């Protein structure tokens, strides 16, 4: 009798945890990524204009 | 200058790489840091020449003054986008991420929790 | 003092330097080998213990040093020496065999 | 004796031409750890030299460190990486052997010259291990690192 | 003083165990640590030629090391870390740095802020 | 140039700090001002460098307001050839620390009394 009652209380929170954890991660991470992507581009644009003004002035 | 944090990002980035780009992101992280530190350093703009000293005291001023006019008239563009519908394939990837996983998973979890009731026993 | 004294010094040290090295590499060669050659042995001897392992036998009644025949190119002997006189306290019958001189 | 001591100031790049190297039959017979410059410093010239060299000098010396080890043990025991590095070090070494135009009488060769970038590049290649599947002794007496490579090929 | 007292000392000892301990010796954990750490500290004072600095950075990075934030890291990468760290804090925590300069004296909060900055930075330094 | 070193009473001890941007230095041989500190060292070990970064460091201070700490630097260069100096000076130029700097230069060549004199000179100027 006693085995199955514990077995299942284990399995159920296990599958609850992983599914809610998998959801929770993606939102903020991809929010994460979204921004790095706009960064990665943006960077170089600033650099490059700024650099142009030095380069010609020399 | 050019970049920013959005969400939580340079740390929160690197660890987490959607399989459909997963491998790329590991390499991309380190590239980004290179750009980051570089840009922050550069000068942003030089001085802009003291003409008064040079025009008066470089007395080939026919040459100097003509070159002056060409320089003062000289107009300048900006660099070029190439890679920023990634920015927009973002909102698409953001659907995939929430609703495409959000929804199906929320219905799954629905079942796991309802089954939790009986297995208290 | 003087350079004399110094060289007198130097002389030997240099000699030493060499000597030590002669003795060193030679030793190392022997050693190298000794180790090398030790592989089947390692197993084998490890083997030796096979069941002494799986049950040691007790003697309320065989101390036996094993060292080489020379030392002081280390305090090698001194270790066993230690460990054997230390032994000898503990023991029964103390009749000892010294492999190694 | 003060004079050279002073001289050191007056020395700025230093040449000890070296018997060892010579002994290795290597003409060039120079020792690297002496072919130095007080201005040879990384911040003060550059680490491209200094580090590519440090890697090299490392490698050779490190190899020297192994050379004593190997001197006892043979090659076998080492890590393969070491074996590689030895070979490389050695290629590099060999790559330093450079024929002489001015001593076809000695060399029986024309000499060579090596354009620095190409030289270095060369070492990047060996360093990169790129040629370490090639005759090491093809690095012997050549000009461009390419010619060492070339020299390897005709063989294998 | 707050970082240095310890450090100078640590280096002394470190040096001492550089000097007696392990190089082909013993392997007592204490001393081995001192060495690891020490070794770290060594790099940390190791300064490029053409590299003068602001004091606060210095106390900062030093602090980091003092407080053992890098034993868990291998020596070369400290350097990397530092640069990066430095530019980071310069950027954001110029605030904090500013302050640290201002009071001339690291403060517990700051320590935490710093700590965090570093730990996290460090965390970033790895991941 | 021959002005005496003033007395005790015409002097006062240090409480001043001075910085070099060299972590190690400011920390470990933390130096104030007045202080005689022997730099002893060898063939461009940065031997010379060391002074340079220090000077450079003071730039911020010379860019700062630590006037009370404003460090006028005098590098009396004895025996360093014109070239050596050339490099050095140039570096300083670039750093334009030179604005707060005398470089008294008695190069390698010099008539010895000049070389001799030069420090006393530098000294006077600094006094």
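Here chain B follows Swiss-Prot, giving residues 4-124 in order.
Recorded method is electron microscopy, 7.2 Å.
Cβ coordinates are placed from backbone N, Cα and C, and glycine is handled just like the others.
Over in Swiss-Prot, the protein carries these features:
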{"type": "MOD_RES", "residues": "B:32", "note": "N6-acetyllysine"}
{"type": "MOD_RES", "residues": "B:48", "note": "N6-acetyllysine"}
{"type": "MOD_RES", "residues": "B:63", "note": "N6-acetyllysine"}
{"type": "MOD_RES", "residues": "B:72", "note": "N6-acetyllysine"}
{"type": "MOD_RES", "residues": "B:78", "note": "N6-succinyllysine"}
{"type": "MOD_RES", "residues": "B:78", "note": "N6-acetyllysine"}
{"type": "MOD_RES", "residues": "B:85", "note": "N6-succinyllysine"}
{"type": "MOD_RES", "residues": "B:85", "note": "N6-acetyllysine"}
{"type": "MOD_RES", "residues": "B:95", "note": "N6-acetyllysine"}
{"type": "MOD_RES", "residues": "B:95", "note": "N6-succinyllysine"}
{"type": "MOD_RES", "residues": "B:117", "note": "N6-acetyllysine"}
Nearest to residue B:32 (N6-acetyllysine) by Cα distance: which of the modified residues B:78, B:85, B:95, B:117 is it?
B:85
For the modified residues B:32, B:63, B:78, B:95, which one has the sparsest Cβ surroundings, going by other Cβ atoms within 10 Å?
B:78
With residue B:48 (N6-acetyllysine) as the reference Cα, tell me which of the modified residues B:63, B:78, B:85, B:95, B:117 is the closest one.
B:78
Residue pair residue B:72 (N6-acetyllysine), residue B:85 (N6-succinyllysine) - Cα distance, angstrom, rounded:
34
By the DSSP assignment reduced to helix, strand and coil, which category contains residue B:117 (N6-acetyllysine)?
helix
Take the C-alpha atoms of residue B:85 (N6-succinyllysine) and residue B:63 (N6-acetyllysine) and report the distance between them in angstrom, rounded.
45
Relative to the Cβ position of residue B:117 (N6-acetyllysine), how many further Cβ atoms are located within 10 Å?
9
Indicate whether residue B:72 (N6-acetyllysine) is helix, strand or coil by DSSP.
helix
What count of other C-beta atoms do you get within 10 angstroms of the C-beta of residue B:72 (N6-acetyllysine), across all chains shown?
10
I'm trying to understand the geometry here, so how far is the Cα atom of residue B:78 (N6-succinyllysine) from the Cα atom of residue B:63 (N6-acetyllysine), in Å to the nearest whole number?
25
Suppose we call a site close when its Cβ is under 8 Å from a Cβ of chain A; which of the modified residues B:48, B:63, B:72, B:78, B:95, B:117 are close?
B:48
Find, among the modified residues listed as B:48, B:85, the one whose Cβ has the highest number of other Cβ atoms within 10 Å in the structure shown.
B:48
What does the structure give for the C-alpha distance between residue B:95 (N6-acetyllysine) and residue B:117 (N6-acetyllysine)? Integer Å is fine.
32
